[PDB]
>>> print(open('entry05.pdb').read())   # PDB, C-alpha atoms
ATOM      1  CA  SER A 749     129.029 118.919  85.480  1.00  0.00           C
ATOM      2  CA  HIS A 750     130.140 122.179  86.425  1.00  0.00           C
ATOM      3  CA  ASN A 751     128.046 123.101  89.352  1.00  0.00           C
ATOM      4  CA  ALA A 752     126.763 126.349  87.849  1.00  0.00           C
ATOM      5  CA  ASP A 753     125.639 124.539  84.682  1.00  0.00           C
ATOM      6  CA  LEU A 754     123.813 121.865  86.691  1.00  0.00           C
ATOM      7  CA  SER A 755     122.279 124.498  88.954  1.00  0.00           C
ATOM      8  CA  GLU A 756     121.000 126.465  85.950  1.00  0.00           C
ATOM      9  CA  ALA A 757     119.414 123.375  84.370  1.00  0.00           C
ATOM     10  CA  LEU A 758     117.776 122.512  87.671  1.00  0.00           C
ATOM     11  CA  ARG A 759     116.403 126.058  88.001  1.00  0.00           C
ATOM     12  CA  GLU A 760     115.093 125.810  84.422  1.00  0.00           C
ATOM     13  CA  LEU A 761     113.499 122.455  85.227  1.00  0.00           C
ATOM     14  CA  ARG A 762     111.963 123.871  88.398  1.00  0.00           C
ATOM     15  CA  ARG A 763     110.346 126.678  86.342  1.00  0.00           C
ATOM     16  CA  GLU A 764     108.854 124.099  83.943  1.00  0.00           C
ATOM     17  CA  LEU A 765     107.471 122.107  86.862  1.00  0.00           C
ATOM     18  CA  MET A 766     106.033 125.275  88.430  1.00  0.00           C
ATOM     19  CA  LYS A 767     104.210 126.055  85.170  1.00  0.00           C
ATOM     20  CA  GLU A 768     102.895 122.466  84.874  1.00  0.00           C
ATOM     21  CA  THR A 769     101.717 122.104  88.464  1.00  0.00           C
ATOM     22  CA  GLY A 770     100.831 125.673  89.440  1.00  0.00           C
ATOM     23  CA  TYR A 771     103.126 125.286  92.484  1.00  0.00           C
ATOM     24  CA  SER A 772     105.727 127.713  93.783  1.00  0.00           C
ATOM     25  CA  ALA A 773     109.446 127.085  93.398  1.00  0.00           C
ATOM     26  CA  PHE A 774     109.591 126.237  97.088  1.00  0.00           C
ATOM     27  CA  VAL A 775     106.861 123.589  96.798  1.00  0.00           C
ATOM     28  CA  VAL A 776     108.496 122.041  93.696  1.00  0.00           C
ATOM     29  CA  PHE A 777     111.875 121.752  95.464  1.00  0.00           C
ATOM     30  CA  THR A 778     113.846 124.101  97.660  1.00  0.00           C
ATOM     31  CA  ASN A 779     117.183 125.757  96.995  1.00  0.00           C
ATOM     32  CA  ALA A 780     118.921 123.508  99.545  1.00  0.00           C
ATOM     33  CA  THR A 781     117.563 120.510  97.626  1.00  0.00           C
ATOM     34  CA  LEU A 782     118.624 122.077  94.304  1.00  0.00           C
ATOM     35  CA  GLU A 783     122.139 122.573  95.646  1.00  0.00           C
ATOM     36  CA  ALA A 784     122.313 118.995  96.873  1.00  0.00           C
ATOM     37  CA  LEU A 785     121.191 117.767  93.432  1.00  0.00           C
ATOM     38  CA  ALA A 786     123.868 119.836  91.723  1.00  0.00           C
ATOM     39  CA  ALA A 787     126.581 118.718  94.163  1.00  0.00           C
ATOM     40  CA  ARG A 788     125.670 115.026  94.332  1.00  0.00           C
ATOM     41  CA  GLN A 789     124.780 114.631  90.637  1.00  0.00           C
ATOM     42  CA  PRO A 790     122.485 111.635  91.181  1.00  0.00           C
ATOM     43  CA  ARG A 791     122.246 109.399  88.095  1.00  0.00           C
ATOM     44  CA  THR A 792     119.800 106.792  89.400  1.00  0.00           C
ATOM     45  CA  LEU A 793     116.681 106.475  91.521  1.00  0.00           C
ATOM     46  CA  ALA A 794     118.821 104.935  94.263  1.00  0.00           C
ATOM     47  CA  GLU A 795     120.980 108.033  94.285  1.00  0.00           C
ATOM     48  CA  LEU A 796     117.949 110.373  94.253  1.00  0.00           C
ATOM     49  CA  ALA A 797     116.708 108.684  97.436  1.00  0.00           C
ATOM     50  CA  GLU A 798     119.918 109.855  99.118  1.00  0.00           C
ATOM     51  CA  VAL A 799     119.350 113.569  98.346  1.00  0.00           C
ATOM     52  CA  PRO A 800     118.438 115.636 101.460  1.00  0.00           C
ATOM     53  CA  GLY A 801     115.110 117.432 101.324  1.00  0.00           C
ATOM     54  CA  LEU A 802     113.809 115.837  98.128  1.00  0.00           C
ATOM     55  CA  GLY A 803     111.605 113.001  99.458  1.00  0.00           C
ATOM     56  CA  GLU A 804     109.597 110.186  97.921  1.00  0.00           C
ATOM     57  CA  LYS A 805     106.649 112.215  96.644  1.00  0.00           C
ATOM     58  CA  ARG A 806     108.948 114.404  94.552  1.00  0.00           C
ATOM     59  CA  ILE A 807     111.091 111.456  93.436  1.00  0.00           C
ATOM     60  CA  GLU A 808     107.944 109.863  92.048  1.00  0.00           C
ATOM     61  CA  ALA A 809     106.621 113.046  90.456  1.00  0.00           C
ATOM     62  CA  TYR A 810     109.859 114.666  89.247  1.00  0.00           C
ATOM     63  CA  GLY A 811     112.660 112.116  89.568  1.00  0.00           C
ATOM     64  CA  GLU A 812     112.988 111.122  85.932  1.00  0.00           C
ATOM     65  CA  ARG A 813     112.876 114.789  84.866  1.00  0.00           C
ATOM     66  CA  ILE A 814     115.581 115.636  87.420  1.00  0.00           C
ATOM     67  CA  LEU A 815     117.862 112.828  86.210  1.00  0.00           C
ATOM     68  CA  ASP A 816     117.298 113.936  82.614  1.00  0.00           C
ATOM     69  CA  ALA A 817     118.205 117.555  83.464  1.00  0.00           C
ATOM     70  CA  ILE A 818     121.442 116.380  85.094  1.00  0.00           C
ATOM     71  CA  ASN A 819     122.247 114.050  82.177  1.00  0.00           C
ATOM     72  CA  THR A 820     121.572 116.743  79.615  1.00  0.00           C
ATOM     73  CA  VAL A 821     124.209 118.921  81.288  1.00  0.00           C
ATOM     74  CA  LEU A 822     126.753 116.153  81.931  1.00  0.00           C
ATOM     75  CA  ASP A 823     126.500 114.567  78.472  1.00  0.00           C
ATOM     76  CA  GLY A 824     125.483 117.460  76.187  1.00  0.00           C
TER      77      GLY A 824
END
>>> encode(input="entry05.pdb", output="structure tokens")
Amino acid sequence: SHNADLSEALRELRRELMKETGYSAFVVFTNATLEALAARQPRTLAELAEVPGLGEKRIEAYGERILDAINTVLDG
């Protein structure tokens, strides 16, 4: 739940999603969005919807993976 640990997991997730989709990091989600995820630590879909720059398309595509990345860091 340290910010650096969350940020690393989110960068690792973003690389997985890039490989799976063929998209750039930017198209997967931007650094401002990554930082907001790490700071806000959303734990639910409701909380994901509050994250600046993420948006519904990416919540649908990536939301569960994002929550799981955050939970993996917070819970171990």
>>> atom_distance(input="entry05.pdb", atom1="atom CA of residue 801 of chain A", atom2="atom CA of residue 823 of chain A")
25.7 Å
>>> resolve_selection(input="entry05.pdb", expression="the PyMOL selection byres ((chain A and resi 775) around 12)", output="number ranges by chain")
A: 762-763, 765-766, 769-774, 776-779, 781, 801-803, 805-806
>>> residues_near_point(input="entry05.pdb", point="(132.8, 116.7, 89.3)", cutoff="9 Å", atoms="only C-alpha atoms", output="list in words")
residues 749, 750, 751, 787, 788 and 789 of chain A
>>> atom_distance(input="entry05.pdb", atom1="atom CA of residue 824 of chain A", atom2="atom CA of residue 798 of chain A")
24.8 Å
>>> resolve_selection(input="entry05.pdb", expression="the PyMOL selection byres ((chain A and resi 815) around 9)", output="VMD selection string")
chain A and resid 789 to 793 796 810 to 814 816 to 820
>>> closest_residue(input="entry05.pdb", among="A:822, A:794, A:783, A:768", to="residue 755 of chain A", atoms="only C-alpha atoms")
A:783
>>> atom_distance(input="entry05.pdb", atom1="atom CA of residue 785 of chain A", atom2="atom CA of residue 799 of chain A")
6.7 Å
>>> closest_residue(input="entry05.pdb", among="A:782, A:809, A:797, A:821", to="residue 753 of chain A", atoms="only C-alpha atoms")
A:821
>>> axis_aligned_box(input="entry05.pdb", around="segment 773-782 of chain A", padding_each_side="4 Å", output="JSON")
{"center_x": 112.9, "center_y": 123.8, "center_z": 96.5, "size_x": 20.1, "size_y": 14.6, "size_z": 14.1}
>>> closest_residue(input="entry05.pdb", among="A:752, A:807, A:800, A:767", to="residue 786 of chain A", atoms="only C-alpha atoms")
A:752
